[PDB]
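**Student:** Protein chains in written order, with my numbering: chain W, 64 to 324; chain S, 47 to 324; chain D, 2 to 170; chain F, 2 to 282. Backbone N, C-alpha and C define an ideal beta-carbon position, used for all residues, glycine too.
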Ligand SMILES: Nc1ncnc2c1ncn2[C@@H]1O[C@H](COP(=O)(O)OP(=O)(O)OP(=O)(O)O)[C@@H](O)[C@H]1O
Ligand SMILES: Nc1ncnc2c1ncn2[C@@H]1O[C@H](COP(=O)(O)OP(=O)(O)O)[C@@H](O)[C@H]1O
Ligand SMILES: [Mg+2]
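Next up, the structure:
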C-alpha cells in the first residue's frame, strides 16, 4: 500500500511542489469562507477545474474517497437533521427532513468532497521526495526561534527513507511469530493486547541496531552537524508556477465579493 | 612507507575485559592487508578506531598515525577525510533518499559547491556499475547494489585507505565476487590501500599481508602463504582452514606425502599428477 | 541535546509510529488503529517536548508517504504532536504504574481525540461543535478502554527492552 | 509426505506490477529425508518456503503436506494445527527473540500449541540442552547474549515442540565453524530421528555433505529434483542455471583436467581423499 504517485504529463505535474502545497493549503483556508450558494458554486467550479486539469481518471478520486464515505454520509445527514428548517418533507420523533436541512447537508457534502479532491490532487501528482522538500522549505521561518531546522529536515529525510524498510521488517517479524503459533487477531481483549508485544519488541530492537549503525556510518563520513553543508537536491521555480499564483489570487476575489458578509 | 601504524594500546567501552590489548601493527601503502579473527576478537573496534571514532584509553603511551599524521582529538576530521569504511550491513548505512543523494552525502558534508558536486557524483556513480540506477530508491536495490552505492560514496571523497568491515558477508557468492573485483579494480585505478576485515580466509588468500586477532591481541602477522600453513594455530582459535591446506592435512592423515610449500589448487593437482608417475 | 545516534533513534520511532498508524486490530465492525502505540513510544523514550517534535513530524511523514486524504491541515499535526507530549509528561522517567497509564490515556483521549479533533473537524466542515462530537463520541468512548490495556503491555515490553545491553544507558 | 500438484503463486494478481513468484511446480518429498532447496537469488526459494505452512496460499494449486491439504481458497482457520507440524525458521531468526527470559522465549513456542505449563518447560530445557546452550545462561534476558547464543535460542524456540517438518532458511549463515558444524549436526540428527528437514542454502558443500534430495529452482520454476550426486554431475548445466558446485567437486574437476582418474563422484572431502588414495593405489 506504499506509494500513491501516478505519473502524468499534464501541466499540473510540472508545477513546483512548494507552489502546489501552498495552493492546497490556501484552498483549504479559503473553503472556510464559503457560506452561501454563490461561494459554494465558486469553490465547486474552481475545484473541479483543478481536478480536470490533472487529467486523472475519476477512479483515483473514487478510490481516495471510499475510506471516508461513511463518515461523509453520517455527518451530512446528522447536520441535515440538526439544522432542519423551512419546508418539511418527512417528520418523525426527531428526524425532520427540511429544505434548509437539505441545503446544509449539501453544503457539508460539498466541503467534504472538495477537501478530499484537493488533497488527492496534491498527493497523487507529486513525488514523495518533492513533497518532503516542500514541507522542509515551509519550515524555514522557524529559524526565527533559532531552532535547528537542519536536524528537523535530517530527521524527516531519515524517517521517510526507513518506513518502507521497517514495514517489510514488520511483515517478516509477524510471519516469524505466526510460524510458531502466534495469533495476532484472536483471543479476546487481553490476548489481543498481549499479542502486540511480539510485534513491537523485535521491531524496537531492529530500530535500535539500525540507529546505531546509521549513526556510525554518518559520523564516519564527515557529518558534524547541519551547520556548513551544501545541498544536492534542490527545488527551483519556473514560469508554470505563475498559474497557481493567479489561480489562488483570482479565487481570493471571487469568494470575498460573493460570500454572505 | 607504512600507511597506518599503531603503537601498543587498549580501549574499553564500563567493561572488565578491554576490547583490544597492546595492539601494534604496521600497514604498507598500496597493500591489501587482511584482518581476520573471531566474532568477538575486536576487528570492528579496530576499524572504528583507525578513523578516530574511538580513542585509546591512555593517550600518553598509545599512538595511531595514518598518512603521516598522528591521531588526536584535534586531528580528527583530518584522518577521517583520508580513510573511509564500508560497513557490514548494506542497507543500514544507506542514508540518502536515492543513489545520487547517498553518493553526494559525503560531498555535502564537506561544503562542496553543487556544480562540482554533480560532476563528482556522476563520475563516482559511473565508476561502479550503476550508471542507470542514479534515481533508484534504497528498497529497489539488492544487497550487492547497495554495497556498490556505499563503495561509490566512499570513493567520491577520494580517500587513501578503504576499510571493508566484513562488507561482503551478507551477500550471495556471486555478489561477493563482483564486489571484491570492483574494489580491486578501484584500488588499482586510484592507487589506494585496502584493509579487508573478514571471517573466512578465502578473501585473505589473495592478500599482500594477513593480520590475525584473538581476544583483542595480534596473534600473528605475515604473508598468507606463511600464516595459513600454521593450521594448528588456526584450529586453536577456531578459524576456517582454507581449502588447499585443509585438503593437504587430510592427505597427510591419509599417508600421502607432499611438500609443505604447496598452495593454490593448481599446484596441488600438478603435484598429484607428478606423483602419479609412480 | 540529543546526539546523532539519538536523533537517528527518534527518526526510527517516527517511522514506527507512521507504520503502526496503518495497522488495525479487531473484529469485522470494531477495529482500533495501533497508532497510539507509537505515541507512547515517543513519550516513554524521548520525553514530553522531543516527543512533541516526533509527534508533529510523524504527521508530516505519514502524509508524505500514505497520503493525507483527510485534508492537508496543520491542526491534525498539532494534535499528533500534542498526544506524545502528554504521554511523555505522564510516563517519561517515572516507573510504570497502573494509574499513570490510566491518566495518560484518559487525558490524551480527552484533549486530543475529543476536543481538538472534534473542534477542527467542525471548523473544517462548517458543522458546529455538537454535530461533530455526536458523530464521533462512540469511538472515543469505546477505544480508550482498549488503549489502556494495550499501553500497559507495551510499557511492560519496552521497560523489559530498555534494561538490556542493547539500549546504551 | 509432502506433495505439490500444479502450483503457481503470482504476486499482486492483476495490477501493472504482476510478478510470477512461482511457476508450474510438481514434486514429492518423502518424509524422513534431508532436502536442500537451492537456487540463485530471486528464484523463489522464500515463497516456496512460506508455502509449506500456508503463510502464502497458492494461486490455482494443490498442496498435500502433513495430512493437510491447502488450496487457493482455503481459510485461516485450522492452520494452527498445520503450523504445529510444519515449522519454519527464517533467516536471522535471532531477530524474533522478544521474551523476558531465554527459557520463556523457548517455551513461547510450545505453549502456543496447547502444551501444558510443565510439558512446555520440560521440552524447552531439553532443547536448550540439545542446541548446545549451557545451563547458567537460562534465566537471562535474550538480548544479553552473543549472536551465536541468540541464534541457538531462536532455533531452540522453533524446535521445542518437535515439529514433523522443519524448514530452515540459512540457519548457520554467520556462525563460527564450530557452531556451524554443531548446528548442521543438530539438524542431521533431528532428521535421523524420523523428521523431515528442508534446508534453503547457498552453500553447496553442506548440500553435498548432508542432503539426501536437492530441489533446484530457477526464476520460480523447478528445474531439477534429484539426489546431490545427480544435480552436480554436469558442470556446464550448473553454470547455465546460475548454480554453483561443491569446492570438492571443483578440485575433482581440476584434477581430472590434469588427467588423473577419480572413481565415483567425490562431492565431499573424505570421498575426495579416498578417491585420491584409490587413484594412486
Ligand atoms: N557498544 C558496546 N558497548 C560495550 N561493549 C561493546 C560494544 N560493542 C561491542 N562491544 C564488545 O567489544 C568487543 C569487541 O567487539 P567488536 O565489535 O570489535 O567485534 P568484531 O568481531 O570485530 O565485530 P564485527 O562483527 O562488527 O566485525 C566484544 O566483546 C563486544 O561484545
Ligand atoms: N513482496 C513482494 N512483492 C512483489 N514481488 C515480490 C515480493 N517478494 C518477492 N517478489 C518477487 O518474487 C520472486 C521471488 O523471490 P524470493 O522468493 O524472495 O526469492 P529468494 O528467496 O531466492 O530471494 C522475486 O523474483 C521477486 O521479484
Ligand atoms: Mg531467502
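Residue 227/W touches chain S at which residues, Cβ-Cβ below 9 Å?
**Tutor:** Taking the first chain and counting its residues from 1, one reaches residue 227/W at position 164. Result: 183, 184 and 185.
**Student:** If we ignore side chains and look at the alpha-carbon of each, how far apart do residue 128/F and residue 190/S end up?
**Tutor:** Reading the fourth chain from its first residue, position 127 is the one you call residue 128/F. Reading the second chain from its first residue, position 144 is the one you call residue 190/S. Roughly 37 Å separates the two Cα atoms.
**Student:** Is the beta carbon of residue 234/W within less than 7 Å of some heavy atom of ligand 3?
**Tutor:** Stepping through the first chain from its first residue, residue 234/W is reached at position 171. No, since every heavy atom of ligand 3 falls outside the 7 Å radius drawn around the Cβ of residue 234/W.
**Student:** Considering only heavy atoms of ligand 4, does any lie closer than 7 Å to the CB of residue 44/F?
**Tutor:** Absence of ligand 4 from the depicted structure is noted, with ligand 1, ligand 2 and ligand 3 being the only ligands included.
**Student:** Should residue 154/W be labelled buried (16 or more other beta-carbon atoms within 10 Å of its own) or exposed?
**Tutor:** Along the first chain, one-based indexing puts residue 154/W at 91. Burial call: exposed.
**Student:** According to DSSP, which residues form a beta bridge with residue 168/F?
**Tutor:** Position 167 of the fourth chain, counted from the first residue, corresponds to residue 168/F. 89/F and 199/F, per the DSSP bridge assignment.
**Student:** Beta carbon of residue 28/F, beta carbon of residue 226/F: below 8 Å?
**Tutor:** Working through the fourth chain from its first residue, we reach residue 28/F at position 27. Working through the fourth chain from its first residue, we reach residue 226/F at position 225. Yes. Within cutoff.
**Student:** Mapping the DSSP letters down to three states, classify residue 222/F as helix, strand or coil.
**Tutor:** Locating residue 222/F in the fourth chain gives position 221, counting from the first residue. Strand at residue 222/F.
**Student:** If we cut at 8 Å on Cβ distances, does residue 69/D have a partner in chain W?
**Tutor:** Indexing the third chain from 1 puts residue 69/D at position 68. It does; some Cβ of chain W falls within 8 Å.
**Student:** Suppose you measure from the CA of residue 48/F to the CA of residue 143/F; what does that come to, to the nearest Å?
**Tutor:** As a working mapping, residue 48/F is identified with position 47 in the fourth chain. As a working mapping, residue 143/F is identified with position 142 in the fourth chain. Their Cα atoms are separated by approximately 29 Å.
**Student:** Alpha carbon to alpha carbon, what distance is there between residue 156/F and residue 162/F?
**Tutor:** What you label residue 162/F is simply residue 161 of the fourth chain in a count that begins at 1. What you label residue 156/F is simply residue 155 of the fourth chain in a count that begins at 1. When rounded, the distance between both Cα atoms is 11 Å.
**Student:** Helix, strand or coil for residue 114/D per DSSP?
**Tutor:** Against the third chain, residue 114/D aligns to sequence position 113. Residue 114/D falls in the helix class under three-state DSSP.
**Student:** Give me the chain D residues within the contact set of residue 170/W, using Cβ-Cβ distance strictly less than 8 Å, ordered along the chain.
**Tutor:** Position 107 of the first chain, counted from the start, is the residue given in the question as residue 170/W. Near residue 170/W (Cβ distances below 8 Å), the residues of chain D are 127.
**Student:** Quick one: what's got a C-beta closer than 6 Å to residue 18/D's C-beta in the same chain, skipping five residues either side?
**Tutor:** Within the third chain, residue 18/D is the residue found at index 17, counting from 1. Contacts found: 39 and 59.
**Student:** May I ask you to verify whether the segment 87–95 of chain D touches the segment 49–64 of chain D, counting CB pairs closer than 8 Å and requiring at least 3?
**Tutor:** Counting Cβ pairs under 8 Å, three or more are found: they touch.
**Student:** Looking at chain W, which residues of the segment 47–63 of chain F have a Cβ within less than 8 Å of any of its Cβ atoms?
**Tutor:** Taking 8 Å as the Cβ-Cβ cut-off against chain W, the residues of the segment 47–63 of chain F that qualify are 51, 54 and 56.
**Student:** Check whether the segment 124–139 of chain F touches the segment 86–100 of chain F, taking contact to mean three or more Cβ pairs, one atom from each stretch, closer than 8 Å.
**Tutor:** No, because fewer than three Cβ pairs between the segment 124–139 of chain F and the segment 86–100 of chain F fall closer than 8 Å, the two stretches do not touch.
**Student:** Check each candidate in 276/W, 216/W, 171/W and 142/W and name the one with the smallest Cα separation from residue 290/W.
**Tutor:** As a position in the first chain, residue 290/W is number 227, starting the count at 1. Nearest of 276/W, 216/W, 171/W and 142/W to residue 290/W, Cα basis: 216/W.
**Student:** In terms of DSSP beta bridges, what is residue 153/W paired with?
**Tutor:** In the first chain, residue 153/W corresponds to position 90, counting from 1. Bridge partners of residue 153/W: 160/W.
**Student:** At which residue ranges does the segment 229–316 of chain S contain complete alpha helix (DSSP H) runs of 4 or more residues, listed in the order of the chain?
**Tutor:** DSSP runs (the alpha helix (DSSP H)) wholly in the segment 229–316 of chain S: 247–250, 270–273, 277–282 and 289–300.
**Student:** Distance check for residue 111/S and residue 220/F, CA to CA, integer angstroms please.
**Tutor:** Numbered from 1 along the fourth chain, position 219 holds the residue referred to as residue 220/F. Numbered from 1 along the second chain, position 65 holds the residue referred to as residue 111/S. Whole-angstrom Cα-Cα distance: 51 Å.
**Student:** Taking residue 88/S as the reference, give the member of 69/S, 293/S and 227/S with the closest Cα.
**Tutor:** In the second chain, counting from the first residue as 1, residue 88/S sits at position 42. When only C-alpha atoms are compared, the closest one is 69/S.
**Student:** Within 10 angstroms of the Cβ of residue 98/D, are there 16 or more other Cβ atoms? Answer buried if so, exposed if not.
**Tutor:** Numbered from its first residue, the third chain carries residue 98/D at position 97. Result: exposed.
**Student:** Give the secondary structure of residue 105/F by DSSP, where H, G and I count as helix, E and B as strand, and everything else as coil.
**Tutor:** Residue 105/F sits at position 104 when you count from the first residue of the fourth chain. Correct three-state label for residue 105/F: helix.
**Student:** Quick check: the segment 2–15 of chain F against the segment 278–288 of chain W, are at least 3 beta-carbon pairs closer than 8 Å?
**Tutor:** These segments do not touch.
**Student:** Along chain F, which residues have their Cβ under 7 Å away from the Cβ of residue 165/D?
**Tutor:** For this step, residue 165/D is matched to residue 164 along the third chain. Within 7 Å Cβ-Cβ: 142, 144 and 145.
**Student:** Can you grab the Cα-Cα spacing for the pair residue 118/W / residue 74/W, in whole Å?
**Tutor:** Along the first chain, one-based indexing puts residue 118/W at 55. Along the first chain, one-based indexing puts residue 74/W at 11. Their backbone Cα atoms lie some 10 Å apart in a straight line.
**Student:** Going straight from the alpha carbon of residue 109/S to that of residue 197/S, what length do you get?
**Tutor:** Residue numbering aside, residue 109/S sits at position 63 when the second chain is read from its first letter. Residue numbering aside, residue 197/S sits at position 151 when the second chain is read from its first letter. Taking the straight line from one Cα to the other gives about 28 Å.
**Student:** Considering only the beta carbon of each residue, do residue 183/W and residue 123/W sit closer than 8 Å?
**Tutor:** Here residue 183/W refers to the residue found at position 120 of the first chain. Here residue 123/W refers to the residue found at position 60 of the first chain. Going by C-beta atoms, residue 183/W is nearer than 8 Å to residue 123/W.
**Student:** Just to check my reading of the structure: residue 124/F and residue 83/F have Cβ atoms closer than 8 Å, yes? What is that Cβ distance to the nearest angstrom?
**Tutor:** Walking along the fourth chain from the start, residue 124/F turns up at place 123. Walking along the fourth chain from the start, residue 83/F turns up at place 82. Not quite, the Cβ-Cβ distance comes to about 20 Å (not below 8 Å), so this is no contact.
**Student:** Return the CA-CA distance between residue 323/S and residue 65/F, expressed in angstroms with no decimal places.
**Tutor:** On the second chain, residue 323/S is found 277 positions in, with the first residue counted as 1. On the fourth chain, residue 65/F is found 64 positions in, with the first residue counted as 1. Cα-Cα distance, rounded: 57 Å.
**Student:** Less than 7 Å between C-beta atoms, sequence neighbours within five positions excluded: which residues of the same chain meet that for residue 105/D?
**Tutor:** The residue labelled residue 105/D in the question sits at position 104 within the third chain. Once the five neighbours on either side are set aside, the close Cβ partners of residue 105/D are 87, 88, 91 and 92.
**Student:** Does the beta carbon of residue 173/F fall short of 7 Å from some heavy atom of ligand 2?
**Tutor:** As a position in the fourth chain, residue 173/F is number 172, starting the count at 1. It does not: the Cβ of residue 173/F is nowhere closer than 7 Å to a heavy atom of ligand 2.
**Student:** Quick one: any contact between the segment 167–187 of chain F and the segment 89–102 of chain S, if contact means 3 or more CB pairs under 8 Å?
**Tutor:** Judged by Cβ distances under 8 Å, the segment 167–187 of chain F makes no contact with the segment 89–102 of chain S, as fewer than three pairs qualify.
**Student:** So, does the segment 228–239 of chain S touch the segment 150–162 of chain S, judging by three or more C-beta pairs under 8 Å?
**Tutor:** With the cut-off at 8 Å, the segment 228–239 of chain S and the segment 150–162 of chain S do not touch.
**Student:** Buried or exposed: which applies to residue 213/S, given that a residue is buried once 16 or more other Cβ atoms fall within 10 Å of its Cβ?
**Tutor:** Here residue 213/S refers to the residue found at position 167 of the second chain. Buried, by the Cβ-count rule.
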